[PDB]
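Working notes, beginning with the structure itself.
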Amino acid sequence: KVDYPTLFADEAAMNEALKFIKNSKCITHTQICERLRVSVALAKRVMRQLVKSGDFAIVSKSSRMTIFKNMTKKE
Amino acid sequence: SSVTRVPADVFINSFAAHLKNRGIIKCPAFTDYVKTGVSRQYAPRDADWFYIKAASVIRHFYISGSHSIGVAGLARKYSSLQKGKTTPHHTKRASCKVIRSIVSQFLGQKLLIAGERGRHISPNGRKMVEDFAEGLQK
Amino acid sequence: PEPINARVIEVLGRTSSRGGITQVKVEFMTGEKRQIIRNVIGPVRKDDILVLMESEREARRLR
Amino acid sequence: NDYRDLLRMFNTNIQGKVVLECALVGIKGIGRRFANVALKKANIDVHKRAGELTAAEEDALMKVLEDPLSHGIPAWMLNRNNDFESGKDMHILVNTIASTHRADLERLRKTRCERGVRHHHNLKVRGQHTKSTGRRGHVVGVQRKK
Amino acid sequence: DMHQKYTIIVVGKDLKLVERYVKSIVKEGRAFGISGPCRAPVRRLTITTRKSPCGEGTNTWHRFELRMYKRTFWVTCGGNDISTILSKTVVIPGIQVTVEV
Amino acid sequence: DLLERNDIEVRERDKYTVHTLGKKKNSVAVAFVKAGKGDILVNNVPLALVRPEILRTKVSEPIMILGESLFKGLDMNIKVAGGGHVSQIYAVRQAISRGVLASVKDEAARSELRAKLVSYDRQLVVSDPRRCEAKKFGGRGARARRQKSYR
Amino acid sequence: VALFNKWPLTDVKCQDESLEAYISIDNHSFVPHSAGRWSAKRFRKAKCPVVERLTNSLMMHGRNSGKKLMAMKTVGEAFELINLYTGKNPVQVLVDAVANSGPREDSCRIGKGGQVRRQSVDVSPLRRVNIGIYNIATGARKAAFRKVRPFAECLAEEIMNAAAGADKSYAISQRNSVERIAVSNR
RNA sequence: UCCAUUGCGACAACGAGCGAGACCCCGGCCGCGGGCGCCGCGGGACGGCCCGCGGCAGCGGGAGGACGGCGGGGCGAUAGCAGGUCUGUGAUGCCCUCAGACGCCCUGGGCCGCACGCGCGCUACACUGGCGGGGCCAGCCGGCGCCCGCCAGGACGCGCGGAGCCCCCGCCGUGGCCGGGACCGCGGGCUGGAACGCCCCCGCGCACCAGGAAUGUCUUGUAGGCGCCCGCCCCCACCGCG
Numbered sequence: 014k015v016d017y018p019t020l021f022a023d024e025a026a027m028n029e030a031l032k033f034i035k036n037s038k039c040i041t042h043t044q045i046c047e048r049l050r051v052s053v054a055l056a057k058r059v060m061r062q063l064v065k066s067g068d069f070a071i072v073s074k075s076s077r078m079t080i081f082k083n084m085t086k087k088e
Numbered sequence: 002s003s004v005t006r007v008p009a010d011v012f013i014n015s016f017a018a019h020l021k022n023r024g025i026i027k028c029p030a031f032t033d034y035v036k037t038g039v040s041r042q043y044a045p046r047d048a049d050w051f052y053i054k055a056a057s058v059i060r061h062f063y064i065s066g067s068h069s070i071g072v073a074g075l076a077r078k079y080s081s082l083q084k085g086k087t088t089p090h091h092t093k094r095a096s097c098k099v100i101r102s103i104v105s106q107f108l109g110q111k112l113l114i115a116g117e118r119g120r121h122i123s124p125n126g127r128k129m130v131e132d133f134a135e136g137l138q139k
Numbered sequence: 002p003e004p005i006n007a008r009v010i011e012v013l014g015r016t017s018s019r020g021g022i023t024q025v026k027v028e029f030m031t032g033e034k035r036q037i038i039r040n041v042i043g044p045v046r047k048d049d050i051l052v053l054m055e056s057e058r059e060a061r062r063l064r
Numbered sequence: 008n009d010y011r012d013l014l015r016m017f018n019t020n021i022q023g024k025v026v027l028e029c030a031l032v033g034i035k036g037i038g039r040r041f042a043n044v045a046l047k048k049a050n051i052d053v054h055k056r057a058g059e060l061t062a063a064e065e066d067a068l069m070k071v072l073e074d075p076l077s078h079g080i081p082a083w084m085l086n087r088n089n090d091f092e093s094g095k096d097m098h099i100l101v102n103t104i105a106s107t108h109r110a111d112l113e114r115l116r117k118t119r120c121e122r123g124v125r126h127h128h129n130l131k132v133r134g135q136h137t138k139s140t141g142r143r144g145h146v147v148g149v150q151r152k153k
Numbered sequence: 020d021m022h023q024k025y026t027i028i029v030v031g032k033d034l035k036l037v038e039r040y041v042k043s044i045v046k047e048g049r050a051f052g053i054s055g056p057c058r059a060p061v062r063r064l065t066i067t068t069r070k071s072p073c074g075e076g077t078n079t080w081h082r083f084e085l086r087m088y089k090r091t092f093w094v095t096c097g098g099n100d101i102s103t104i105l106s107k108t109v110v111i112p113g114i115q116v117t118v119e120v
Numbered sequence: 008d009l010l011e012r013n014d015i016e017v018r019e020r021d022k023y024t025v026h027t028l029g030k031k032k033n034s035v036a037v038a039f040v041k042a043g044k045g046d047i048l049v050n051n052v053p054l055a056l057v058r059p060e061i062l063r064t065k066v067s068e069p070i071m072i073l074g075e076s077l078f079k080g081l082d083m084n085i086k087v088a089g090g091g092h093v094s095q096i097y098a099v100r101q102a103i104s105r106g107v108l109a110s111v112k113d114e115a116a117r118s119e120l121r122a123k124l125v126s127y128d129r130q131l132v133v134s135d136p137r138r139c140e141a142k143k144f145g146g147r148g149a150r151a152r153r154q155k156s157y158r
Numbered sequence: 005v006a007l008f009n010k011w012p013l014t015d016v017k018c019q020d021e022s023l024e025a026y027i028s029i030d031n032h033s034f035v036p037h038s039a040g041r042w043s044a045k046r047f048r049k050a051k052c053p054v055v056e057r058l059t060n061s062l063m064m065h066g067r068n069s070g071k072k073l074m075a076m077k078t079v080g081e082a083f084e085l086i087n088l089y090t091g092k093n094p095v096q097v098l099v100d101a102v103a104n105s106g107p108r109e110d111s112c113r114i115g116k117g118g119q120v121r122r123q124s125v126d127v128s129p130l131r132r133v134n135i136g137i138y139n140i141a142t143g144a145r146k147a148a149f150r151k152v153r154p155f156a157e158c159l160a161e162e163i164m165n166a167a168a169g170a171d172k173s174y175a176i177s178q179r180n181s182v183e184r185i186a187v188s189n190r
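Residue numbers (the authors' numbering), protein chains in the order written: chain Sc, 14 to 88; chain SW, 2 to 139; chain Sg, 2 to 64; chain SV, 8 to 153; chain SX, 20 to 120; chain ST, 8 to 158; chain SF, 5 to 190.
Here it is, written out as structure tokens:
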């Protein structure tokens, strides 16, 4: 009765999620976490690093909902 | 005025970063351990909660100015209600000791010089706080 | 088979014993001008376009 | 991330998800008087996976619990402020909670009192709500020796 | 003339009675530099009692309200002049006149 | 807070030329206009500054429907007291819109320009009679009663 | 271009003649808080903007009752998501969804005399719009209990799938279910 | 025809009346005097007018318009009930106890005991939710300061002053959970002749993961949601009037 609470070793697991993020055109902060087996707290952090990379573009900014689509996803 | 134009959230957060370089106030240890309020569910996790409260009191102070705000007055800006009881909740005050330290410490830095019913900003402080706002908007 | 668009030429009376139903006199918006009273629930006014009908069921004006 | 799930201490498993804070109040609950007044800070990280926490950080944490006054935690956070024993202010840990509960209940029986009868007979003590409120489970004044 | 400032305050249940006493104080004071009358916000005295003496019935409640209106008149005069004004003012029994030096 | 002489009590001298009242849900906003350099600030606070950021777009309705040349240059100082939060914004909106109308003043067909604003938003020039109702004996709220045990 | 500075209200068109006068997309203030006392009169869906009518519908369930503002936010995040789901005008997806989620066929009992067996009744062309804005929102609400998906995207799931004649949303599977009740109880 | 013998017509009935109306209380708005406390006195939406029907009374659709044809309230006929209260009383009949008193004072009880069953309530079941600091906002109509103490509170004083929800950015995975807040150990106090009253701090994490029959209560500032004040009261609200 569970998913994958945290346990985000940043090796191949972390590389698979951002490649999955390279596969999905648009991403939702709660949605990715259950889209790819992980908790919500992990979901915002990698995307923020993608925002630091400039590979993530935000459209709505709120404490409840933050949405990201890859700047280079059109490739 | 630009101090009414700096959004309250932006003013308060930005002011405390240089107040950290300033070394003004000096938040004590027991206060950073205790949970603010007599109705709060558990302690705020801000860690620099005392320093962040200090940017909160002196901004609302600029608007209050001459009329003055006593120890209860700044507690009023952050007044909350208990969220965990079988019976309904009646509103109550926040903690007096933490608030009494924040403007008493501010009296020490001479930005606030007060001698009236409770507390008022020294003109040098009103000008300087307003000057931080002058930097904030433009 | 498609819900036939209809023109509510006029509203008749509220019946069904709870007043809930409001049977109305109707005419075909699409068709050779077939016009018959039909049973309607919810608010209706004249010149309404009712595109929710099979046409065969026929209602009546006695109430 | 070396999340390191389990890392059980005090005979109570923890989690790789729990933040370093809930991990102690969640040490069976029993054994941690919480509200995180000192727990929120201690010397440990505020919000990280609790297994990732290094043993050295965990060991210092074990020491602060072992001597609360030495950490600088005020007496009001600790549970046994005056003590009916050697009268010395002390914290309560997991095993001592139920030993001290035996101490509180068995003392109650030896020193017979209304507060003991309202526990040996299983009546709720203090509230006097054994009248018309708790049909709930049958933990209400019943009786039937004969 | 030691022109003392007197504040005259009138509290009364009836608006009809109050206006008449207010008019007399204004009328008497034109010779003495009377400041115009100040009308108070109505002072509500609501008492709510369930009407039934016994407990029978859906308790219905009597809201019994007494309205107090107070009138402030500032006068700068000698101590005697208010007394001369007093004979002329029409005294309504039970209405209160308050002389505040 | 409540119908005081707070209409102009805060400001002394610099008599602001226009006085226009806006009221929604027990919230009083008197609009003071001096025809300056595009100061639409109300409550001594910027138009962009608001309690609900999303709500600000509604309070810019005369600005979008009526010519911007009006709001391009004006001067404002509004005393809003009373109201929960959103009550204050519509009252503010009634005030400023009436304040722009008071500025038009001399043109006789001032109403015709204003009615484009009524057509897009009715009550932008009108005050609602909607006010809180009262409870009665046996009723927890204004239009209810204690749940009845037997029909 | 007046919807959240985007999604022009003018661009939206009446795709269906089934309900036309009742859908109003002509007078919307950007982010339609629209608190405007539309309770008097029995015939004014023009007065209640459809998006704001949905706003009223979204607050519900007792805990969120009264929170019209939490709906204005709910519509905006879903509309961005709809724009991200399909480059089309999200308000147009709303016109299609409300038309495609309200019941074409319902059957009340309508026993004029005694025995009551549900009798087939064509719905009023105003009635369909009211239920559609109710069912779409309730589609998100029905699955807003322990769902990982937040309410806003829950609504965005409902409007887009049911927008065409395809049925995946609870709201449209309700219209098809009640249509079937009125095909059986004819 | 109207909520209504509410009318208009017509009639061995013809005139009266009492209910309903009228009236009064508060708002929808404005004007005059004023004013500290915006508060006293007037007026004003009249089914008036438009269109359709109306014997006519009325009747819809309408526009102007603060407001559409009672604002939110009170006062409420004749006739009853073997309804309730002798336990509010200088409202009291009959009848009892009249000093080892059913008189009247003190001291300790009890109504706070008490399977199950109920008759209202209250808080929950979380994800439009938490819990987060931190932008706040009232209307009843209300006083604050300073200093110690986590608070609880206490001292020393001066007469003086405002909610929550929500809105903020955050922290947070669907875990009886950081949901919920029970039960209940350990202290700090309050006030009171006295806690057995209460609050705060720190344990603790009850049930409960959307409620079967069978029920209620309500159409706009309404339902719900969320707080303030009072009544009583040393103490103490979930109650009630607001």
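Think of the CB as a built atom: it goes at the ideal place given N, C-alpha and C, for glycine as much as any other residue.
DSSP places SV:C29 within a helical segment (H, G or I) once states are collapsed to three. Using a Cβ-Cβ cut-off of 9 Å, SW:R6 counts as an interface residue toward chain ST, since at least one Cβ of chain ST sits closer than that to its own. The C-beta of SF:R67 comes no closer than 9 Å to any C-beta of chain Sc.
Nearest C-alpha to ST:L9 among ST:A88, ST:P59, ST:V125: ST:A88. Counted as a single uninterrupted DSSP element, the stretch harbouring SW:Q106 is not any beta strand (DSSP E) but the alpha helix (DSSP H) occupying residues 97–109. DSSP places SX:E84 inside the beta strand (DSSP E), whose first and last residues are 80–96.
Scanning its chain for C-beta atoms nearer than 6 Å, with the 5 sequence neighbours on each side dropped, one finds around Sc:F21 the residues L55, in chain order.
Straight across, the Cα-Cα distance linking SV:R122 with SV:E113 is about 12 Å.
C-alpha of SV:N20 to C-alpha of ST:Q95: approximately 54 Å in a straight line.
Legend: CB atoms of the stretch 72–101 of chain SX lying less than 7 Å from CB atoms of chain ST belong to residues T77, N78, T79, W80. Residue environment for Sg:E3: exposed (fewer than 16 other C-beta atoms within 10 angstroms of its C-beta).
For SF:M63, no alpha helix (DSSP H) segment is defined, and its DSSP state is neither H nor E. For the stretch 136–149 of chain ST, the beta-carbon criterion of a distance under 8 Å to any beta-carbon of chain SF is satisfied by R137. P18, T19, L20, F21, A22, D23: these are the residues of the stretch 18–31 of chain Sc whose beta carbon lies less than 8 Å from some beta carbon of chain SV, given in chain order. Counting the other Cβ atoms within 10 Å of the Cβ of ST:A141 gives fewer than 16, which makes it exposed. Where Sg:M54 is concerned, there is no enclosing alpha helix (DSSP H), because DSSP gives it neither an H nor an E. Around the beta carbon of Sg:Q24, 16 or more other beta carbons sit within 10 angstroms, so the residue counts as buried. Excluding sequence positions up to five before and after Sc:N28, its CB lies less than 6 Å from no other CB in the same chain. Counted as a single uninterrupted DSSP element, the alpha helix (DSSP H) harbouring SW:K128 occupies residues 124–138. In chain SW, no part has a C-beta under 8 Å from the C-beta of SV:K55; the shortest such distance is about 12 Å. Contact between SF:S111 and SF:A175 does not hold, since the beta-carbon distance rounds to 19 Å and is not under 8 Å.
Within 7 Å of the CB of SF:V79, no CB atom of chain ST is found; the nearest one sits about 10 Å away. Counting along the chain, SV:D111 sits inside the alpha helix (DSSP H) bounded by residues 101–117. For Sc:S73, the neighbours in chain SF by C-beta distance under 8 Å run, in chain order, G80, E81, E84. The closest CA to that of SF:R150, considering only Sc:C39, Sc:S76, Sc:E47, is found on Sc:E47.
In the DSSP assignment, SF:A144 falls outside any beta strand (DSSP E) and lies within the alpha helix (DSSP H) extending over 131–146. When the beta-carbon positions are compared, SF:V99 and SF:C158 stay at least 9 Å from each other. Contact between Sg:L51 and SF:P129 holds: their C-beta atoms lie close to 5 Å from each other, under 8 Å. Close CB contacts of SF:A75 within its chain, under the 6 Å cut and outside five residues either way in sequence, are with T59, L62, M63 (chain order). The Cβ neighbour count for Sg:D48, taken over all protein chains shown within 10 Å, is under 16; the residue is labelled exposed. In this structure, SV:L27 is the residue among SV:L27, SV:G144, SV:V71 with its C-alpha nearest to the C-alpha of SV:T61. Taking the Cα of SF:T142 as reference, the smallest distance to any Cα among SF:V125, SF:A160, SF:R131, SF:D126 is reached at SF:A160.
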